[PDB]
There are 4 protein chains.
Amino acid sequence: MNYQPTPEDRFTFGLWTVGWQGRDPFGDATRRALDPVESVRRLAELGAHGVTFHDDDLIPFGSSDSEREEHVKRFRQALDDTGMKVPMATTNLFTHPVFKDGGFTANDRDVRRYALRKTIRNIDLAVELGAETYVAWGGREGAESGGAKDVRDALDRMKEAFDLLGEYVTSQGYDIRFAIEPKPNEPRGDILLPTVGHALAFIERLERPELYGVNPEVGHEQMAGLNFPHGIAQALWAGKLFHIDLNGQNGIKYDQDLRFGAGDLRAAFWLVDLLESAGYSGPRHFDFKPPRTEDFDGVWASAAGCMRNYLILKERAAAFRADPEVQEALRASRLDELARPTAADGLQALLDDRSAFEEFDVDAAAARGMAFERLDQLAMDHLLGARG
Amino acid sequence: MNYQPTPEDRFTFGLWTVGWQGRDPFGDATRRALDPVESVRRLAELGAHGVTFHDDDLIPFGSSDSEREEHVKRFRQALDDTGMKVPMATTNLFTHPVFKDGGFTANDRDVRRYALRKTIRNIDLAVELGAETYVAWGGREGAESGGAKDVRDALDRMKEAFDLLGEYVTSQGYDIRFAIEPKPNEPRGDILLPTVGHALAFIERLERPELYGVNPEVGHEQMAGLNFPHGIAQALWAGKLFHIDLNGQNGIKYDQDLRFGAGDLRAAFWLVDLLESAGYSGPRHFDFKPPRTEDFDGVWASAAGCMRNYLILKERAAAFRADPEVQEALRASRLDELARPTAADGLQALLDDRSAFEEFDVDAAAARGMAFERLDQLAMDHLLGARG
Amino acid sequence: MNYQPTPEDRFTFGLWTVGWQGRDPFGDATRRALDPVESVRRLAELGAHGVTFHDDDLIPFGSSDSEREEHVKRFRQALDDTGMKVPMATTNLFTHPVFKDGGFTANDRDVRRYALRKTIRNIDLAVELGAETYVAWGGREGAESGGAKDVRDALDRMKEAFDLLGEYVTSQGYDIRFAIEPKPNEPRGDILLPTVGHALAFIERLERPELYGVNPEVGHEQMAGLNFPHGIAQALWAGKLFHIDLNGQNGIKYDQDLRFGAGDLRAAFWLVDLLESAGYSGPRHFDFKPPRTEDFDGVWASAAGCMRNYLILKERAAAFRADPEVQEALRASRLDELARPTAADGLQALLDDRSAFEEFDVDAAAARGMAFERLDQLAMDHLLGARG
Amino acid sequence: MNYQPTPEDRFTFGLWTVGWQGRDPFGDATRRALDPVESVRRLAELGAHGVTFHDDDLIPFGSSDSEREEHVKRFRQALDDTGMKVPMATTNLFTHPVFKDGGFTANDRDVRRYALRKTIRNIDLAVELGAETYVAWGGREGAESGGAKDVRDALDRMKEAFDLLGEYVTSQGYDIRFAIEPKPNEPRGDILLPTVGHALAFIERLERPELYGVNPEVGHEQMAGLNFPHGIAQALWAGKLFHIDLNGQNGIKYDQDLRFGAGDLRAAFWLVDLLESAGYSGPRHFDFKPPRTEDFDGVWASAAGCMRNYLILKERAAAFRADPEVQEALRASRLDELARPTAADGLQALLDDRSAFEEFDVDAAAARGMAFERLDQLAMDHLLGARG
Ligand SMILES: OC[C@@]1(O)OC[C@H](O)[C@@H]1O
Ligand SMILES: OC[C@@]1(O)OC[C@H](O)[C@@H]1O
Ligand SMILES: OC[C@@]1(O)OC[C@H](O)[C@@H]1O
Ligand SMILES: OC[C@@]1(O)OC[C@H](O)[C@@H]1O
Ligand SMILES: [Mg+2]
Ligand SMILES: [Mg+2]
Ligand SMILES: [Mg+2]
Ligand SMILES: [Mg+2]
Ligand SMILES: [Mg+2]
Ligand SMILES: [Mg+2]
Ligand SMILES: [Mg+2]
Ligand SMILES: [Mg+2]
């Protein structure tokens, strides 16, 4: 009935989101830069729980070790003044020209070593600030042409980089875990580990796989036309959903980073249903950009909308699942049977069961309707608040 | 100079490819059915190595155990008469109406048990015929709506099914391995395990993962806008490329199954370069459909073209890699450095190396061009046969 | 508050929609055929206004002239018994194998002449039944390969065909208009006139352009990733929206034909807002397929849902536009200024207006925010019924 | 045998192409700015015919009328020194923040008037420099959300703007024509007039349609998954191909602007075949970006490759069409029949021709194969230089 966020809703925002100045491939900035301190206070007033950062959002690139300490101390004061937390941090290995062919998988070996040292420096800072999750988006790991990158050698280099970071945090005794954020393309013509599946598969080849999970992003998987709730379910099934980036996207095109709820609204409904029913307990992090049409009042309006739309969808998904009429429809569509083992009786009892093959009435089974359209219209009526 | 296939090129075709009668969602068949025996002889004359089948391509559905033995015996005679092999087989768990909500992940438990028994029956037949690989394409495992399928429960059911098949073949002592073929959509609105990455990740959760790999298909990954040579490289890196389906696709749309070489021609070039340089030794299997515009002469013309275009691209990719001018360009673009470990000296020596951070000249590194456009035009000149 | 359709809502359905038996490229029919008479009565009971047909839906192909009259007479009795109307009809020039390379643009001239005679026969029948609109979907006009179709010659043939149909209806004195339905692909690899824009442009080259408009389909334009409300606005602007096909689609993939409201829900909201605010008065026609998972109860449930979701969205869009808070936000975002002429003062007064260039303060204009995010969240709150 | 361009090949480049500094949505510039004078001389040495510009590429924004004359005079000297021409020019109505909601269709009326005056100023300069074509790419005309733009009012404003520009050039007596360049998205979430078809349709509603054509761009239509040679054929058929932008694109994703020949190579082959067979006589203009991985030697290498790949494809397409074996295959596939009128005998003779319907043997027609696969493999062999 009310949709006001509280810090217990665990909503978080990156400094780079509300701080995006509006520069796009075809145009100049439309907004002035925001001081991180002002973003923290403004987000706290809207009901956020916390903020996240790349190293270069907080400390401008090339900063003297003394300008560094000043930047951190001011940030830390705003956090103390507001109650805001920093649950995640990440490294910028994509903006500076030295990263034009990648960080961890750049063809030049000296660049790969620099990327790792820049990363390690920021992990120390993240731990100091209490982050629990360290995200890695390899936005420049990839290629525009086929001969430029041997992908097996590049995966060797990627594995080597994450293995060294794992060695570092265990040797330091830090309680932080890594989350890889996949994206299929942009800014490289194809990016390595392009989807949640490719990232999950890669993690299983690392020396200490339990330290690594995924940070899927709504618009990223939709840039490949994939079903984001399905990919999150696979991640939850694997025990690897360590963090999540929420935003909106209208289909297969450039990464729009719209506010959450915009883009594919029904996919947002099913995503919230899944996160809340699985008991996901991490941050609900928004990685979005207020459109460059907006001034600063529109920036805060867009950020508030992220939170509002999550809380409306949560309410509607909870109402859906609690409705006795929906629970009966789920049984009518045999969702209860899907959850039962196919063959708990075992292989030999399955091979000897004539009711499973020799005497199975296929025509009778085929004729049973699944009743999925009635179930889906109940879900639509619940989403639109049109139940009677 | 010549592009004539021989059975040592290991080219294989499914019975359902040249046997496709032309029925599409909007139109009736344009060709009569082909007898499997005639396809085997015709393909042998074109230079193919072997054929593959679904159970229902070879033995019509509902066949009496005696009509079954007759169908197999005639097939076996054509194989003996021609020298053709059967390296792969698979199950049809998608055409009959009983599979309308899936085989292994159908919501109805009796259908899941039937799907497993239909599968086990055909694995026995495949082994008899000497297949080494058993493919599974879960074309109906998926959903058109969000509430119809709990994807975590469905992955539990999928895992249970593959685990039971693994138990079966090990208990029988068979030397056959499984290959999962991913597809993102069609005929379901979203299919589970939609890409090579999602399939690789799933395999790592099976009880005996060494028995399972992937069977990627060119057009399937391109239906998600992904780079097929990159996904095959990840599969090779994981040691899981057990089989491959070759065809062409023009972008993100329905699955066209064009002949190999059609669709994205440069991606075909880089795919052949990779398979030949990695020493892939399995079958080069074509899963394609001669367009329904064609009569039977056009069917055989289309099948021959599959093989011809593979052999032309092999020649051009070999010429590319053998060209001393290309080898120098690869060094100019530092492909040799990509293959060297980033930090064989180890974590502590990396942390103490001032040349990796405190004293790294980032501006000098950033200014080095990668020379990728010159390398890519050499690759284009080689593909087009325009070297001078 | 209630969402019950009445025939005054003008909802119509094709016989082929609820009558779809479930055959897809990978599977057999899951439902038995429906008699047209039974569909008319069932749709009338749900509150529909009318039905539409292809010639071959009503009269099976190759029917004797006497079996033809029997089929029509029974249909006509069901229409009289129910009050149902037939506002649109169309020709099937895509299912029979003779149309495998097209109807009006088939390379074989004898097929093009046959396609026109099959068409003319059905226009006479449509007029008899009182249809006002005759739709043409050239589903087989197109190509899978570049050399198979010279597109300039094919457009000449397409123009010739529509010009002859225009000559026919004017020479007969019939009051019927034509609507071309674009689709980008499927079942041909690329279809001619692939989008609403290409069809609008083509019409302007016909000899009697006032007889022709478009019949856009939601999922068709979304198969090219386009904004369907924007394309309908262009069609309305041109005075050419003669009919519309409503359904749902999840992105760029095969044509799903989901029920209306499914697929991209926010695009459905903006489409209904536009049709109702522009005063579109034609039929609201559903061209959809109940998924093949469903039995006949699910078919009728899916058809009812089409109508229900239109009436819910109509209510929400009307509430949006009537809200004084939204009307103020529209002014804040200068929608009122967009509707004023840029230069009613004329070219010379614009060239002499220093306030338009020499003395325009660009920095002050640039700094004004558009306030679009606040407006869009008001639209979201209205769609979800979350206004407070 | 040789692939060296000459200025008689009419190859042209925009100043912004080779001058692109490498700034993308995620990263800083990797190359220093180029002086226009140096680009003209470098392009002349590679064999180009001419260059094109936006006003702001040549004269930096806000320039004093005296700094303006200096910039133009230096440019004019480089043109005189090199023999280079300027066949096209265009306006930048997308980079400055004042254009964040559009130029001609911005909601603010004062911005629309400014956009027209900025445009008119540059048309005068273009004429002085001898351009024959004035391009308009409305990159900011569009929306990220549904309520922000009434598209009928925006098309009214767009029509008003182009009508005033037409009035201007006719009142001045200038011999210049306009070309509208469509793009479906990026940088706006959806752009108005998103495809060649929508632009062609819009032109027909202008007061003086003969002054306006299209400037299609390879990658733009492919961002909607459309067939670019088909859209160019429709433009040629309408008599509206006034200019063309050549580049490469790998599928539906952000606009990559790769060099021509990269991206979809077979579509490039069929495009060149069509332009050369239709006798297109305008500039072959490259609108591309050397990837930001490259230094200045890679920039010139990429530009040279544009020209080289056009000349290789021209040679291969000419060889295809001249091959007697291909000419026979075209007849076998009835391309000659496609070019004959369907019914030159007229409507009444068609209605009385029993051979067109009552006595047409549909089964015999249906059984004829189109032989398109053999024709397409001849085209593939010609493209790859594999004829024997
Ligand atoms: O770098 C981590 C990330 O989540 O922050 C923004 C960037 O686009 C990416 O998605
Ligand atoms: O069933 C296995 C498979 O490879 O055969 C054809 C089907 O489309 C699939 O791709
Ligand atoms: O034939 C006219 C039409 O509207 O009916 C169904 C077909 O798919 C098309 O969309
Ligand atoms: O502005 C005209 C244009 O052709 O120049 C570059 C821009 O992207 C557009 O395609
Ligand atoms: Mg993103
Ligand atoms: Mg992110
Ligand atoms: Mg396929
Ligand atoms: Mg396959
Ligand atoms: Mg459709
Ligand atoms: Mg339709
Ligand atoms: Mg472009
Ligand atoms: Mg352009």
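Here the Cβ of each residue, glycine as well, is placed from N, Cα and C on the backbone.
Per Swiss-Prot, the features are as follows:
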type	residues	note
ACT_SITE	B:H54	active site
ACT_SITE	B:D57	active site
BINDING	B:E181, B:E217, B:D245, B:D287	Mg(2+) 1 binding site
BINDING	B:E217, B:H220, B:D255, B:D257	Mg(2+) 2 binding site
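This view paints the features noted in Swiss-Prot onto the structure.
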residue: B:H54; record: active site; Cβ contacts under 8 Å, 6 or more apart: B:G14, B:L15, B:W16, B:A89, B:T90, B:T91, B:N92, B:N122
residue: B:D57; record: active site; Cβ contacts under 8 Å, 6 or more apart: B:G14, B:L15, B:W16, B:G19, B:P36, B:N92
residue: B:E181; record: Mg(2+) 1 binding site; Cβ contacts under 8 Å, 6 or more apart: B:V135, B:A136, B:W137, B:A199, B:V214, B:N215, B:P216, B:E217, B:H220, B:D245
residue: B:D255; record: Mg(2+) 2 binding site; Cβ contacts under 8 Å, 6 or more apart: B:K183, B:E186, B:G219, B:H220, B:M223, B:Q249
residue: B:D257; record: Mg(2+) 2 binding site; Cβ contacts under 8 Å, 6 or more apart: B:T17, B:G219, B:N247, B:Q249, B:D287, B:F288, B:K289
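Within 8 Å of the centroid defined by the CB atoms of B:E181, B:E217, B:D245, B:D287, the record's Mg(2+) 1 site, lie the Cβ atoms of B:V135, B:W137, B:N215, B:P216, B:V218, B:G219, B:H220, B:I244, B:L246, B:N247, B:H285, excluding the listed residues themselves.
Neighbour count (other Cβ atoms within 10 Å of the Cβ, all protein chains): 26 for B:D245 (Mg(2+) 1 binding site).
Classification of B:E181 (Mg(2+) 1 binding site) by DSSP places it in coil, neither helical nor stranded. Under 6 Å, Cβ to nearest atom of ligand 8: this is the test, and of the recorded positions B:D57, B:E181, B:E217, B:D245, B:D255, B:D257 it is passed by B:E181, B:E217, B:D245.
Checked against ligand 7, the recorded positions B:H54, B:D57, B:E181, B:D245 give no residue with a Cβ less than 6 Å away from one of its atoms. Excluding the listed site residues B:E217, B:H220, B:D255, B:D257, the same chain places B:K183, B:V218, B:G219, B:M223, B:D245, B:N247, B:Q249, B:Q256, B:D287 with Cβ atoms within 8 Å of the centre of the Mg(2+) 2 site Cβ atoms. Of all Cβ atoms in the protein chains displayed, 28 besides its own lie within 10 Å of the Cβ of B:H220 (Mg(2+) 2 binding site). Within 10 Å of the Cβ of B:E217 (Mg(2+) 1 binding site) there are 26 other Cβ atoms, across all protein chains.
Classification of B:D57 (active site) by DSSP places it within a helix.
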